[PDB]
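Participant:
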Amino acid sequence: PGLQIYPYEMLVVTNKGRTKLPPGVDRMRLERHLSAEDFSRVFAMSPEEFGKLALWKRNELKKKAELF
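Heads up, the sequence shown is in the working numbering, so the first residue is 2 and it goes up one at a time.
Set out below in structure tokens:
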């Protein structure tokens, strides 16, 4: 159940490529395809936190996490 989890650099948006995402990954929810390690490492917040954050926050995160 859910989505497939992959490394961070592999799930990056522009910094490490464009749409070269692993099997089953899209910019729509790239910040959700990262594992607990990857997410808490690139964002420093819980996967649930992001959804409960803000539009400027979620943006800035995906924007600072190299995946916006």
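We put the CB at the ideal spot given by N, CA and C, even for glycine.
1. If you follow the alpha helix (DSSP H) that residue 86 is part of, which residue opens it and which one closes it?
2. From the DSSP output, read off the bridge partner residues of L35.
3. Are three or more beta carbon pairs between the stretch 14-27 and the stretch 47-57 nearer than 8 Å?
4. Could you check the C-alpha separation between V26 and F69 for me, to the nearest Å?
5. Going by beta carbon distance, what residues of the same chain come within less than 7 Å of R59, once the five residues before and after it are set aside?
Facilitator: Checking against the coordinates, here is how it stands:
1. Residue 86 lies beyond the residue range present for the chain, which begins at 2 and ends at 69; the question has no answer from this structure.
2. Under DSSP, the beta-bridge partners assigned to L35 are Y7.
3. With the cut-off at 8 Å, the stretch 14-27 and the stretch 47-57 do not touch.
4. Near 13 Å, if we compare the C-alpha coordinates of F69 and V26.
5. Cβ within range, chain order: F51.
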